[PDB]
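> Hey, dropping model06.txt in here, compact mmCIF, C-alpha atoms:
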```txt
# COMPACT_ATOMS: atom_id res chain seq x y z
CA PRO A 1 131.34 33.30 74.20
CA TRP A 2 129.40 30.48 75.87
CA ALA A 3 128.32 30.00 79.47
CA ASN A 4 125.59 27.40 79.90
CA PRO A 5 126.79 23.78 79.69
CA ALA A 6 123.85 23.09 77.37
CA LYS A 7 125.51 25.50 74.92
CA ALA A 8 129.14 24.40 75.32
CA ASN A 9 128.15 20.73 75.09
CA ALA A 10 126.04 21.19 71.95
CA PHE A 11 128.88 23.30 70.54
CA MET A 12 131.35 20.43 70.98
CA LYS A 13 128.92 17.88 69.52
CA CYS A 14 128.46 20.09 66.47
CA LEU A 15 132.23 20.59 66.34
CA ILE A 16 132.90 16.86 66.72
CA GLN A 17 130.51 16.27 63.81
CA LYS A 18 132.09 18.94 61.60
CA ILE A 19 135.62 17.73 62.38
CA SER A 20 134.98 14.00 61.96
CA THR A 21 133.18 14.73 58.67
CA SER A 22 136.01 16.92 57.31
CA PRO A 23 138.39 15.35 54.76
CA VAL A 24 140.91 18.17 55.31
CA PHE A 25 142.17 16.49 58.49
CA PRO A 26 143.66 12.98 58.30
CA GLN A 27 142.18 10.25 60.48
CA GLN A 28 145.01 10.78 62.97
CA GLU A 29 143.86 14.39 63.35
CA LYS A 30 140.13 13.58 63.40
CA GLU A 31 140.47 11.29 66.44
CA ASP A 32 143.04 13.49 68.18
CA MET A 33 140.82 16.54 67.71
CA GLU A 34 138.11 14.21 69.01
CA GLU A 35 139.70 13.32 72.35
CA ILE A 36 141.17 16.81 72.84
CA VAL A 37 137.79 18.54 72.72
CA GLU A 38 136.15 15.56 74.45
CA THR A 39 138.56 15.88 77.38
CA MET A 40 137.76 19.61 77.43
CA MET A 41 133.97 19.29 77.55
CA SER A 42 134.33 16.79 80.39
CA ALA A 43 136.34 19.51 82.15
CA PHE A 44 133.88 22.36 81.43
CA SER A 45 131.56 20.33 83.67
CA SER A 46 133.86 19.98 86.69
CA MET A 47 133.83 23.77 87.37
CA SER A 48 133.21 25.68 90.68
CA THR A 49 129.39 25.67 90.53
CA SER A 50 129.46 23.42 87.43
CA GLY A 51 127.22 25.37 84.99
CA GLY A 52 127.88 28.65 86.84
CA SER A 53 129.36 32.14 86.31
CA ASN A 54 133.12 31.45 87.00
CA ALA A 55 134.35 34.42 84.85
CA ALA A 56 138.17 34.20 85.26
CA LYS A 57 137.73 30.41 85.27
CA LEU A 58 135.39 30.23 82.23
CA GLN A 59 137.66 32.71 80.41
CA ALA A 60 140.79 30.63 81.19
CA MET A 61 138.93 27.44 80.31
CA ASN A 62 138.11 28.96 76.92
CA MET A 63 141.76 29.75 76.20
CA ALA A 64 142.63 26.18 77.16
CA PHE A 65 140.08 24.96 74.62
CA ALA A 66 141.40 27.40 72.00
CA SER A 67 145.08 26.66 72.65
CA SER A 68 144.38 22.92 72.56
CA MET A 69 142.88 23.21 69.08
CA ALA A 70 145.46 25.79 67.96
CA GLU A 71 148.49 23.72 68.95
CA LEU A 72 146.93 20.51 67.63
CA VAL A 73 146.71 22.02 64.14
CA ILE A 74 150.33 23.15 64.51
CA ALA A 75 151.82 20.06 66.17
CA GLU A 76 150.31 17.70 63.56
CA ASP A 77 151.55 19.65 60.51
CA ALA A 78 154.39 21.89 61.71
CA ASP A 79 156.56 20.70 58.81
CA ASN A 80 154.27 22.30 56.21
CA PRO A 81 153.18 25.93 56.72
CA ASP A 82 150.83 25.47 53.74
CA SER A 83 148.75 22.70 55.33
CA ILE A 84 148.67 24.71 58.57
CA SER A 85 147.05 27.57 56.64
CA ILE A 86 144.43 25.44 54.89
CA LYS A 87 143.54 23.52 58.07
CA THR A 88 143.17 26.76 60.04
CA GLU A 89 140.45 27.89 57.62
CA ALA A 90 138.85 24.43 57.61
CA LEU A 91 138.81 24.51 61.42
CA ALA A 92 137.67 28.13 61.76
CA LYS A 93 134.78 27.63 59.33
CA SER A 94 133.71 24.51 61.23
CA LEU A 95 133.67 26.76 64.31
CA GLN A 96 131.66 29.57 62.70
CA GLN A 97 129.03 27.16 61.39
CA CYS A 98 128.62 25.68 64.88
CA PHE A 99 128.33 29.15 66.39
CA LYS A 100 125.37 29.65 64.05
CA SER A 101 123.68 26.26 64.53
CA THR A 102 123.70 26.60 68.35
CA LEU A 103 123.69 30.36 69.06
CA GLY A 104 122.94 32.22 65.81
CA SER A 105 125.83 34.71 65.81
CA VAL A 106 129.56 34.09 65.44
CA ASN A 107 131.77 35.72 68.07
CA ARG A 108 135.05 36.49 66.32
CA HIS A 109 136.69 37.19 69.70
CA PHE A 110 137.18 33.45 70.15
CA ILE A 111 138.00 32.83 66.48
CA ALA A 112 140.53 35.67 66.19
CA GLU A 113 142.34 34.45 69.31
CA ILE A 114 142.63 31.02 67.69
CA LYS A 115 144.23 32.51 64.58
CA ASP A 116 146.46 34.55 66.89
CA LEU A 117 147.25 31.40 68.88
CA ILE A 118 148.04 29.51 65.67
CA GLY A 119 150.09 32.44 64.38
CA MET A 120 152.20 32.62 67.54
CA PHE A 121 152.49 28.86 68.11
CA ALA A 122 153.76 28.51 64.53
CA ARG A 123 156.72 30.84 65.08
CA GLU A 124 157.65 29.24 68.42
CA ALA A 125 158.57 26.16 66.35
CA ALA A 126 160.84 28.35 64.20
CA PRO B 1 155.45 17.18 80.67
CA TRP B 2 153.22 15.69 83.42
CA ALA B 3 151.94 13.12 80.93
CA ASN B 4 152.13 9.92 82.98
CA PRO B 5 149.82 10.01 86.04
CA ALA B 6 152.55 9.68 88.68
CA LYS B 7 154.46 12.71 87.37
CA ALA B 8 151.22 14.70 87.05
CA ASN B 9 150.13 14.20 90.67
CA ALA B 10 153.49 15.25 92.13
CA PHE B 11 153.57 18.40 89.98
CA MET B 12 149.95 19.08 90.94
CA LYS B 13 150.58 18.81 94.69
CA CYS B 14 153.70 20.97 94.37
CA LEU B 15 152.02 23.65 92.26
CA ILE B 16 148.94 23.90 94.50
CA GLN B 17 151.24 24.19 97.53
CA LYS B 18 153.33 26.88 95.81
CA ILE B 19 150.28 28.92 94.78
CA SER B 20 148.63 28.72 98.21
CA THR B 21 151.83 29.81 99.97
CA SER B 22 152.59 32.71 97.60
CA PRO B 23 151.90 36.20 99.02
CA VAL B 24 151.82 37.90 95.60
CA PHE B 25 148.66 36.09 94.55
CA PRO B 26 145.42 37.32 96.16
CA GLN B 27 143.00 35.01 97.97
CA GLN B 28 140.58 34.55 95.05
CA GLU B 29 143.23 33.71 92.46
CA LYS B 30 144.73 31.02 94.70
CA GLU B 31 141.31 29.33 94.59
CA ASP B 32 140.67 29.75 90.86
CA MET B 33 144.21 28.60 90.05
CA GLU B 34 143.72 25.48 92.18
CA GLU B 35 140.52 24.62 90.30
CA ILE B 36 142.21 25.11 86.92
CA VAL B 37 145.33 23.08 87.72
CA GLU B 38 143.25 20.25 89.22
CA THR B 39 140.89 20.39 86.24
CA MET B 40 143.78 20.44 83.77
CA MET B 41 145.87 17.71 85.41
CA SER B 42 142.86 15.37 85.50
CA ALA B 43 142.81 15.75 81.71
CA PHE B 44 146.46 14.69 81.53
CA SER B 45 145.73 11.61 83.65
CA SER B 46 142.98 10.48 81.22
CA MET B 47 145.51 9.65 78.48
CA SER B 48 149.10 9.92 79.83
CA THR B 49 152.40 8.42 78.62
CA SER B 50 153.34 8.64 74.93
CA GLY B 51 150.63 6.28 73.64
CA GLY B 52 147.51 7.79 75.16
CA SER B 53 149.06 11.28 75.19
CA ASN B 54 150.83 11.37 71.85
CA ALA B 55 153.06 14.33 71.03
CA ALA B 56 150.27 16.18 69.21
CA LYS B 57 147.76 15.45 71.97
CA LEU B 58 150.32 16.23 74.69
CA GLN B 59 151.64 19.52 73.28
CA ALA B 60 148.03 20.64 72.81
CA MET B 61 147.25 19.97 76.48
CA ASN B 62 150.52 21.57 77.60
CA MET B 63 149.68 24.92 76.03
CA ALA B 64 146.10 24.40 77.17
CA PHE B 65 147.45 24.05 80.71
CA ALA B 66 149.82 26.96 80.07
CA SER B 67 147.07 29.19 78.67
CA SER B 68 144.64 28.31 81.47
CA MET B 69 147.19 29.66 83.94
CA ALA B 70 148.16 32.52 81.63
CA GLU B 71 144.64 33.87 81.11
CA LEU B 72 143.72 33.35 84.77
CA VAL B 73 146.59 35.71 85.60
CA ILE B 74 145.54 38.00 82.74
CA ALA B 75 141.88 38.05 83.81
CA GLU B 76 142.40 38.85 87.51
CA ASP B 77 144.51 41.92 86.87
CA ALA B 78 142.24 43.56 89.48
CA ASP B 79 145.45 45.37 90.54
CA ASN B 80 145.50 46.58 86.85
CA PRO B 81 147.87 45.36 84.06
CA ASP B 82 150.27 48.03 85.43
CA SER B 83 151.54 45.26 87.75
CA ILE B 84 151.05 41.82 86.21
CA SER B 85 154.75 40.94 85.90
CA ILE B 86 154.79 40.32 89.67
CA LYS B 87 152.18 37.60 89.12
CA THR B 88 154.00 36.40 86.00
CA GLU B 89 157.38 36.00 87.70
CA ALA B 90 155.71 34.44 90.75
CA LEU B 91 154.02 31.84 88.55
CA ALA B 92 157.35 31.44 86.74
CA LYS B 93 159.18 30.78 90.02
CA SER B 94 156.51 28.37 91.31
CA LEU B 95 156.82 26.38 88.08
CA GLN B 96 160.64 26.36 88.16
CA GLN B 97 160.97 24.77 91.60
CA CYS B 98 158.18 22.26 90.95
CA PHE B 99 160.03 21.38 87.75
CA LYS B 100 163.26 20.78 89.68
CA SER B 101 161.63 19.04 92.66
CA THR B 102 159.51 16.68 90.52
CA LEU B 103 161.45 16.16 87.25
CA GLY B 104 165.11 16.96 87.97
CA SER B 105 165.61 20.05 85.82
CA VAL B 106 163.72 23.07 84.46
CA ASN B 107 161.91 23.32 81.13
CA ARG B 108 162.85 26.76 79.80
CA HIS B 109 160.41 26.16 76.92
CA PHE B 110 157.18 25.76 78.90
CA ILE B 111 158.27 28.72 81.03
CA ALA B 112 158.95 31.12 78.16
CA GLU B 113 155.76 29.94 76.46
CA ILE B 114 153.76 31.22 79.44
CA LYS B 115 155.68 34.48 79.06
CA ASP B 116 154.61 34.52 75.40
CA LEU B 117 151.10 33.38 76.32
CA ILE B 118 150.72 35.98 79.09
CA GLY B 119 152.27 38.62 76.85
CA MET B 120 150.02 37.96 73.86
CA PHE B 121 146.92 37.49 76.02
CA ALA B 122 147.61 40.97 77.42
CA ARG B 123 146.88 42.52 74.02
```
What would you get if you wrote out this structure as structure tokens?


Amino acid sequence: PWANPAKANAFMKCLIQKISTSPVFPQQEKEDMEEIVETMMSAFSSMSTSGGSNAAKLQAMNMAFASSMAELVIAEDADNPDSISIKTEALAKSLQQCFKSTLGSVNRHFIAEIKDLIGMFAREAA
Amino acid sequence: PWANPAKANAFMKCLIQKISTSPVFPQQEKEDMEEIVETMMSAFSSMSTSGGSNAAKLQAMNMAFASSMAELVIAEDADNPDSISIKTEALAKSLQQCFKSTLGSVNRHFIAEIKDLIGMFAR
């Protein structure tokens, strides 16, 4: 995944541009996805050595970022499993494009865990 | 869950005290868990209540806080996955008493979610 704050920050700014410019998500989702990832990037700065190694911490902080986006897609459209499916692809593609415009290679390890987080979080509502 | 700032600080102080006093957790994980729970709870205090932390924004942070503790346990399986239930039940206990001592009852949902989160993060 990411490590340097210069990479995680530019990843969020790309993501906040892809999300806010995505008509798939209603305005209630565009600003909630805004503050959710904005509260995360402010946290990926208050680390142990800030932009440092962390490992366990950086890993856990990545699953917090993934679960926050995974649940947000679920919690805002749990009534319709169809919208959940189309917004998962609209979110995942916005991720993959930002992995390319900041790193140059998509790491499916973080994207597959999101689709596994969305898949599990969907059934917990059932 | 720990939306409003007052509720979040009491749960934070309880959790940090329960993790530091636990013998199951090693020395390093007590530190990394403290950083994650202080980092996560400061995110809850930025919005809080039901207006700033709406249901969608709250439930996202809840599982974010649940996954941050779940993966931290999953990552530091330095004793091997062979024995991670001891750290799962210990985190489950520490959450149950902090639930009762700061909110009145226990939330069997947020507890079993961590069980699902730890279980799925294992594979």

> Mind listing as a ChimeraX atom specification which residues of chain B are within 7 Å of chain A, counting only C-alpha atoms?

/B:32,39,43,56-57,59-61,63-65,67-68,71-72,75-76

> Ranking B:106, B:114, B:24, B:15 by minimum distance to residue 70 of chain B and counting all atoms listed in the file, which one comes first?

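Nearest candidate to residue 70 of chain B out of B:106, B:114, B:24, B:15: B:114.
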
> Extract, using all atoms listed in the file, all DNA, RNA and protein residues at most 12 Å from residue 103 of chain A, discarding same-chain residues fewer than 6 positions from it, and format them as a PDB file with C-alpha atoms, keeping the file's coordinate frame.


```pdb
ATOM      1  CA  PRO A   1     131.340  33.300  74.200  1.00  0.00           C
ATOM      2  CA  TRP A   2     129.400  30.480  75.870  1.00  0.00           C
ATOM      3  CA  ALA A   3     128.320  30.000  79.470  1.00  0.00           C
ATOM      4  CA  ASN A   4     125.590  27.400  79.900  1.00  0.00           C
ATOM      5  CA  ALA A   6     123.850  23.090  77.370  1.00  0.00           C
ATOM      6  CA  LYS A   7     125.510  25.500  74.920  1.00  0.00           C
ATOM      7  CA  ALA A   8     129.140  24.400  75.320  1.00  0.00           C
ATOM      8  CA  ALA A  10     126.040  21.190  71.950  1.00  0.00           C
ATOM      9  CA  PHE A  11     128.880  23.300  70.540  1.00  0.00           C
ATOM     10  CA  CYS A  14     128.460  20.090  66.470  1.00  0.00           C
ATOM     11  CA  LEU A  95     133.670  26.760  64.310  1.00  0.00           C
ATOM     12  CA  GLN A  96     131.660  29.570  62.700  1.00  0.00           C
ATOM     13  CA  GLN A  97     129.030  27.160  61.390  1.00  0.00           C
TER      14      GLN A  97
END
```

> Residue 119 of chain B: which residues within 10 Å, counting all atoms listed in the file, same-chain residues fewer than 4 positions away excluded, as JSON, numbers by chain?

{"B": [70, 71, 74, 84, 85, 88, 113, 114, 115, 123]}

> Pick out the closest residue to residue 89 of chain B from this set: B:40, B:122, B:12, B:112. Count only C-alpha atoms.

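Among B:40, B:122, B:12, B:112, it is B:112 that comes nearest to residue 89 of chain B.
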
> Using only C-alpha atoms, can you tell me which of A:17, A:22, A:85, A:53 comes closest to residue 98 of chain A?

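Closest candidate: A:17.
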
> When you draw a straight line from atom CA of residue 93 of chain B to atom CA of residue 18 of chain B, how long is it in Å?

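Atom CA of residue 93 of chain B sits 9.1 Å away from atom CA of residue 18 of chain B.
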
> Need to verify the contact set: residue 23 of chain B, 12 Å, all atoms listed in the file, exclusion of same-chain residues closer than 3 positions in sequence. Can you return it as a PyMOL selection string?

chain B and resi 18-20+26-27+29-30+86-87+90-91+94

> For atom CA of residue 11 of chain B and atom CA of residue 111 of chain B, determine how far apart the two atoms are, in Å to one decimal place.

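These atoms are spaced 14.4 Å apart.
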